[PDB]
Each structure stands twice: as structure tokens, then as C-alpha cells.
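Worksheet: the structure to be examined is printed underneath.
Protein chains: 2
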Amino acid sequence: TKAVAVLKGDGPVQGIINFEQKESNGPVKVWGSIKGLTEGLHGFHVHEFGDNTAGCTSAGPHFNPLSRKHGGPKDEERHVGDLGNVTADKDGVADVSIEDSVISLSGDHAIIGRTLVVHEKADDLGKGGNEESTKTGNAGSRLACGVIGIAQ
Amino acid sequence: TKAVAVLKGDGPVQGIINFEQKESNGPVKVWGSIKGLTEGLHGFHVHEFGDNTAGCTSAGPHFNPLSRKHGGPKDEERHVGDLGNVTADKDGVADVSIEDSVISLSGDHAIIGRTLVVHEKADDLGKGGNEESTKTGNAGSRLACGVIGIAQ
Ligand SMILES: [Cu+]
Ligand SMILES: [Cu+]
Ligand SMILES: [Zn+2]
Ligand SMILES: [Zn+2]
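Those sequence lines, one after another, are chains A and B.
Residues in the first sequence are numbered consecutively from 2, following the entry's author numbering.
Residues in the second sequence are numbered consecutively from 2, following the entry's author numbering.
Written out as C-alpha cells, the structure is:
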């Protein structure tokens, strides 16, 4: 019903993101803060593995159990892990307060034990007009990540 | 089913611990290495929460879903999270190789999304002769921890 991810990297990006799901067939509330970001949009995705053995690279690809194309969170055609973009202000702080009905904290699409990643660049939401757009949204390198763990 | 925990803290203690469970009702193999430790025994436990918001303290208590008293891994009376001690050599390296049939990587009591912790002192296995012994094993402070994540 409740989880948390503490985001850390090799640079200045750090944050804490909370997840809450009241019902198993209900939406997941996702909220928290990330700091140390460049002003503007940054890709925000759940990746497949909760493996930090080689930094954020070890988390592997976007969590995509249904083998779909990359999209935005509002799209029917999207990865389970496609949570779009977070927005950082001029002081580099991104306040996050979204709701999603595709991710879950239980069942086959459970994101517990997987990795939340915030990216270098904006997610183009599959609308970038190149092959990479429908794979990763061209969001670039992984600035910070954290395993999604069970919280009180 | 496979998992991994990358142990980090505020000091020299770091390690990678792998988990593998070939069958959902079979033993979990736990192996890896921890370095930066003092020579001797160090408490080695799964804690309830995969929460690193305030360091290793945020992981909360020993994972104990069946509400049992603290013990050693061989004891019938023990917490699910009671994996005993790891032994560090004169170089400060603990090679970990154990099998456990109480913990699981799947089901309602799965340890995926929870926290693996290595401790300052030896776990006394509930035989230290005081109140704290039968609660936590008197293993002292938490030197390093990591959320247990899904691995490839
Ligand atoms: Cu991502
Ligand atoms: Cu512990
Ligand atoms: Zn995606
Ligand atoms: Zn215990």
C-alpha cells in the first residue's frame, strides 16, 4: 500500500519520492521532491531492475512487461514505467505530485523492488520523430536513482 | 527469482549481496562480499522497510511478520529477518555464503522491497542475557544497508 524511493547519483541530484496505493485496482499517488536539477523538464521513469551494482546503469531498461512502445503517462500506448517528466524551477528543485493508474504496488505490474530514475533531459513522450523516441523518449543519461522499497 | 542489495553507509563498509530462489517453496541462496568491516562477527538482518530517507535507521525493526522473538537463523523461534552473523577476516572482508528456508523472495512475506543491514557488532542470537538481546541481539549500530531489489 505504501512505498518510497530515495534518489541518489554521482552528481548533485538527490530526492525522495513517495508512493501510495489505497486499493489494488486503484491509482498510485506519487509525490515528493528532487533537487540539484537543471531548470526545466526531466524524464521520470520506473526501470526494470532494483540493481544498483553499477550505479543507475544496472537498473536496466524502462519497465515494460507488456512490450509496448514508449509514450507519455496519459497515452494508452506506453511502458508501465512511463511517468513522463518532472519540472525543476530556476533553483533546480522539482516538486512532484502526480497520480497514475498503470503502475501498481502489487500484482504483475508491481514496481516494488524496481528502480525510479530521473534523467538528464526532457522525455519527448514518443513524439521526438526518431527511432530512439519510441524506446526511451530521448531523456538521456540517468542523473539519480533509487530502489522502490516498502514504506510505513 | 533473483534479487540484489547494494550495501552502503557513512563509512568504509560496502558490499553486494545476491539472493536467488530456484523454487518459490525452496531455500533462498544468499551470497556476496562485504568489505571495510572490523575483524570478527557482524549482525546480518533483513529489516522491515525499504526506506532510506534517514539512512539505515529508516529501515525500522527486524522484519518479523509472524511476531516471534529474536533468535539465530537455526532457531525455530526467530524473526523472518534473523540471518545471524557474517564473519569478516583480518583484512575486513566478509565472504557471505548461506542458504535460508525462512526468508522468501515471493509471496505475502517476500523480502523484496525491504532492507538488508550489516551491523557494528555480533548478533548475540538472543543469548546475551538482557532485554535488548531478545529484541535485536545487541548488534549495535547499523554500518551499511541497501534495499533488496529485483535482479536479472
Ligand atoms: Cu528512465
Ligand atoms: Cu539488523
Ligand atoms: Zn518508456
Ligand atoms: Zn531479529
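For each residue, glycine too, the CB sits at the ideal point set by N, CA and C.
How many angstroms separate the CA atom of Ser98(B) from the CA atom of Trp32(B)?
4 angstroms
Please list, in chain order, all residues of the same chain as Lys91(A) whose beta carbon is under 7 angstroms from its beta carbon, the five residues on each side excluded.
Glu40
9 angstroms Cβ cut-off: residues of chain A touching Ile149(B):
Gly51, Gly114, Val148, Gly150
For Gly10(A) and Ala55(A), the rounded distance between their alpha carbons:
11 angstroms
Does DSSP put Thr116(A) in a helix, in a strand, or in coil?
strand
Listing by chain order, which chain A residues have their CB less than 8 angstroms from the CB of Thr54(B)?
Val5, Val7, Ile17
For the region 108-128 of chain A against the region 70-83 of chain A, do three or more pairs of beta-carbon atoms, one drawn from each stretch, fall closer than 8 angstroms, so that the two count as touching?
yes
If we count the other Cβ atoms within 10 Å of its Cβ and call it buried at 16 or more, is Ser142(B) buried or exposed?
exposed
Within 7 angstroms: the Cβ of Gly51(A) and any heavy atom of ligand 4?
no
Classify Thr58(A): buried if its beta carbon has 16 or more other beta carbons within 10 angstroms, exposed otherwise.
exposed
Anyone know if the C-beta pair for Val29(B) and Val81(B) falls short of 8 angstroms?
no
With a threshold of 8 angstroms between beta carbons, is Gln22(A) in contact with chain B?
no
Taking 8 angstroms as the threshold (C-beta atoms), are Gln15(A) and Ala123(A) in contact?
no
May I ask whether a heavy atom of ligand 2 can be found less than 7 angstroms away from the beta carbon of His48(A)?
no
Under the three-state DSSP convention, the category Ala4(B) falls into
strand
Distance CB(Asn53(A))-CB(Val118(B)) smaller than 8 angstroms:
no
Per DSSP, what kind of secondary structure is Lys9(A) in: helix, strand or coil?
strand
Contact defined as beta carbons within less than 8 angstroms: I believe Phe20(B) pairs with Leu84(B). What is the distance between those atoms, to the nearest angstrom?
So it is not a contact: roughly 11 angstroms between Cβ atoms.
Would you identify the three-state DSSP class for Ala140(A), choosing helix, strand or coil?
coil
For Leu42(B), count neighbouring C-beta atoms within 10 Å of its own C-beta (all shown protein chains included) and say buried if the count is 16 or more, exposed if not.
buried
Using a beta-carbon distance cut-off of less than 8 angstroms, what residues from the region 57-78 of chain A approach chain B?
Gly61
How many whole angstroms separate the CB atoms of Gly138(A) and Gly44(A), which I take to be in contact at a CB cut-off of 8 angstroms?
6 angstroms
Compute the minimum distance between the beta carbon of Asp76(B) and the heavy atoms of ligand 4, and state whether it is under 7 angstroms.
no
Distance, Cα to Cα, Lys136(B) vs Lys70(B)?
7 angstroms
Starting from the Cα of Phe64(A), find the closest Cα among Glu100(A), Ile104(A), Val94(A), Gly37(A) and give me that residue.
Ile104(A)
Residues near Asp96(B) by beta carbon distance below 6 angstroms, same chain, minus five either side:
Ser34
First through last residue of the beta strand (DSSP E) which encompasses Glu21(B)
15-21
Is there at least one non-hydrogen atom of ligand 3 closer than 7 angstroms to the beta-carbon of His63(A)?
yes
Would you decide whether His110(B) is buried or exposed? Buried here means 16 or more other CB atoms lie within 10 Å of its CB.
exposed
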